[PDB]
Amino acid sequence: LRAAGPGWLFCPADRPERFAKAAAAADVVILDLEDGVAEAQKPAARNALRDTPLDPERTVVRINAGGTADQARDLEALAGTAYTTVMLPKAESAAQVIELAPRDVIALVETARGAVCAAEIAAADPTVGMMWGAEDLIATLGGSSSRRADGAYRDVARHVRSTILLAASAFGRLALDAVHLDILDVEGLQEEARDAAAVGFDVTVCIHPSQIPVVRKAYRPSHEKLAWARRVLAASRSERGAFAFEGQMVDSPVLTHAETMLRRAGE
């Protein structure tokens, strides 16, 4: 999975006619049995998932939250598939992840409790990834909007995003940035995904295939950035330790950032 591109794509499990397209456009597809599908449509979604299989090495299935009758039906259904990685919505403790063993688990922390227990969830053995959800977050806080007038996330959402990035990285898990619900707001998605790439998120999860090209381009460093990385790496080959390059103190971790941009560009 860590070898798949950054362009991951949700597609509702009761929409099998879209599966192959989802697979085609995206790096990894998340087949959704949760919020994407109404309760009356779950069983059909579960039949589709087993009737219309995708490459299980590039497909994750978002099941329902722990302690729900739906999750048990999902697990019963997945029994009849070859999918080994699931996403857990409303992830709220290590126990919720651990009981999914031996499947690989991407924990979607999208509640206060989850936020408070982030590191615990990250540390759990089955965890291979962490994602965060702004909208469920606010909803469970009893709020009404995740962003301010100007489109930026409200503080608590920004806070949780950092918390999840830290928890995931501190335990060597993948970090996935939140979805961008404004389908046509290409510009905002781009800015969001450039920043996500810059701080070390591994994935930006998309909800529409038109988003994928934007995310992929956004995870390629700017031309001026690659130029810089090339320059500082070259200059460092004539240096021992800390030096000044173009007005700034360079040393090990900065050289590490440069290497990372060049790796991302090659990827």
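Heads up: residue numbers just count along the shown sequence, starting at 1.
A.B. asks: Among other entries of this protein with both neighbours modelled, does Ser236 go without coordinates in a third or more of them?
C.D. replies: Other entries vs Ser236: at least a third skip it.
A.B. asks: Do a third or more of the other compared PDB entries fail to give coordinates for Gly247?
C.D. replies: Yes: coordinates for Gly247 absent from at least a third of the compared entries.
A.B. asks: State which stretch shows the higher mean Cα B factor in the entry: 234-242 or 195-203.
C.D. replies: Per the PDB record, 234-242.
A.B. asks: Once you work out the mean C-alpha B-factor for both 249-257 and 17-25 from the entry, which is higher?
C.D. replies: That would be 17-25.
A.B. asks: Which listed residue, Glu135, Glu92, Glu120, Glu76, has the largest C-alpha temperature factor in the record?
C.D. replies: Checking the PDB record, the top C-alpha B-factor among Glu135, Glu92, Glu120, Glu76 is at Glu76.
A.B. asks: In the PDB entry, which of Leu226, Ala65, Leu49, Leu33 has its C-alpha at the highest B-factor?
C.D. replies: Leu49 has the highest C-alpha B-factor of those listed.
A.B. asks: Would you please rank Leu262 by its C-alpha temperature factor against the other modelled residues of its chain and give the third it falls in: lowest, middle or highest?
C.D. replies: Lowest third, going by the recorded CA B-factors of the chain.
A.B. asks: Is the Cα B-factor recorded for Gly143 in the lowest, middle or highest third of its chain?
C.D. replies: Tercile = lowest for this residue's CA B-factor.
A.B. asks: Give the position of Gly7 by CA B-factor within its chain, expressed as the lowest, middle or highest third.
C.D. replies: Its C-alpha B-factor belongs to the lowest third of this chain's values.
A.B. asks: Compare the C-alpha B factor of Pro213 with those of the other modelled residues in its chain, then answer lowest, middle or highest third.
C.D. replies: CA B-factor rank for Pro213: middle third.
A.B. asks: Going by what the PDB entry lists, where does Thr84 fall on CA B-factor within its chain: lowest, middle or highest third?
C.D. replies: Tercile = highest for this residue's CA B-factor.
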